[PDB]
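Written below as structure tokens is the structure these notes are about.
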Ligand SMILES: O=C(O)CNC(=O)C(=O)O
Ligand SMILES: [Mg+2]
Ligand code: NI
Ligand SMILES: [Zn+2]
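And the structure:
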């Protein structure tokens, strides 16, 4: 079995290997990359996402989210307070202000220490989940607005034609902005490209050990667990690496820098934080190997998780027994 310790793997495809996205994903899995839950892909040196980022400041963040924490430094939840709209230029200036800017630090490890020590005492503002793309239309390789759609993959594998669309989302981050522990909707893959700015640190639990994380989370967040049998779908809980180590949960960590792709694999729980002002683009995708994960994915039916239009069909076709209860949650 390849990669039996579930280490995060890093790949350096040549320009030739970068042509066929599906083929490269299947290659990475042949080497065991999925066992980690997360992989890094460094694009060939000849590739570029677009020519420059000099003209992005007029993009609108219609609903910036202030991420307010509650709990203790290593075990906390966050709620998202909606703020007034602002442009990317306005947000960048805010991220760079004294109140929100990255502190002086020695290296990524010192910054990681400071994040876990001090995150809860601040409420950074995240421009998340903004439909759109920063890939040039002429970029033909690994262009996250030109991937094959998940609806087309389900149709190719299973023969059933379904409604829905699959588009990318932009993320504008600042120091301490945080992504809570989660897997993707319907335990899909995700791909994330860091277009510009400061790094993003990731934590990940191997898919084969995801239930260990869930059992810890039920212990650490006991009221939330009673409220919903899939409350990590709410995407609000954080647990530090120190706490994960104390409780014997297998995980790995890696820092993504500008110009790099990360892939998350089906049922790979992940969480992380931004080092400073940055912009990422991400989208969900599927392969044949996902189908079985989609059929088994947990679901939130309490009403909190509220998701896209396109998840309806996935539930309806892959999880018909759960469909009625899940749909009630959506309405
Ligand atoms: O970058 C972020 O804030 C969150 N991204 C992801 O969870 C992802 O790409 O799957
Ligand atoms: Mg602009
Ligand atoms: Ni994710
Ligand atoms: Zn729920």
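Residue numbers (the entry's author numbering): 11 to 341. The beta carbon of each residue, even a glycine, is placed where N, CA and C say it ideally should be.
Residues proximal to ligand 3 by C-beta, any heavy atom closer than 6 Å:
192, 194, 200, 274, 280
In angstroms with no decimal places, state the Cα-to-Cα distance between residue 50 and residue 151.
16 Å
Between which residues of its own chain and residue 68 is the CB-CB distance below 6 Å, once the five residues before and five after are set aside?
97
Count the other CB atoms within 10 Å of the CB of residue 291; is the residue buried (16 or more) or exposed (fewer)?
buried
Restricting to Cα atoms, I'd like to know which of 29, 109, 240 is closest to residue 193.
240
If contact is defined by three or more beta carbon pairs under 8 Å, each pair taking one atom from either stretch, is the stretch 279 to 293 in contact with the stretch 175 to 188?
yes
Within 8 Å, strictly: CB atoms of residue 212 and residue 282
yes
Contact belief for residue 333 with residue 303 at Cβ below 8 Å, rounded distance in angstroms:
Not really, about 18 Å apart at Cβ, beyond 8 Å.
Take residue 228 and list the residues in its own chain whose beta-carbon comes closer than 6 Å to its own, dropping the five residues that flank it on each side.
235
Where residue 208 falls, given that 16 or more other Cβ within 10 Å makes a residue buried
buried
Answer yes if the stretch 248 to 258 comes into contact with the stretch 89 to 108, meaning at least three C-beta pairs across the two stretches below 8 Å, and no otherwise.
no
From what residue to what residue does the beta strand (DSSP E) around residue 282 run?
279 to 284
Would residue 11 be called buried (16 or more neighbouring beta carbons within 10 Å of its own) or exposed?
exposed
Can we count residue 305 as close to ligand 1, meaning its CB is less than 7 Å from some heavy atom?
no
Between the alpha carbons of residue 338 and residue 311, how many angstroms are there, rounded?
7 Å
Less than 8 Å separating the beta-carbons of residue 273 and residue 201?
yes
How many whole angstroms separate the CB atoms of residue 70 and residue 280, which I take to be in contact at a CB cut-off of 8 Å?
With a Cβ gap of about 28 Å, residue 70 and residue 280 do not count as contacting.
For residue 393 and residue 316, what's the separation of their Cα atoms in angstroms?
There is no way to answer for residue 393, as the model of the chain reaches only from 11 to 341.
Residue 78 to residue 24 span [Cα, whole Å]
42 Å
Provide the residue(s) that pair with residue 263 in DSSP beta bridges, ordered along the chain.
213
Counting only runs of 4+ residues fully inside the stretch 94 to 155, write out the alpha helix (DSSP H) ranges in chain order.
98 to 105, 118 to 128
Return the Cβ separation of residue 203 and residue 157 in integer angstroms, given the expectation that the two are a contact with Cβ distance under 8 Å.
Not quite, the Cβ-Cβ distance comes to about 12 Å (not below 8 Å), so this is no contact.
Thinking C-alpha only, which one of 267, 324, 244 is nearest residue 313?
244
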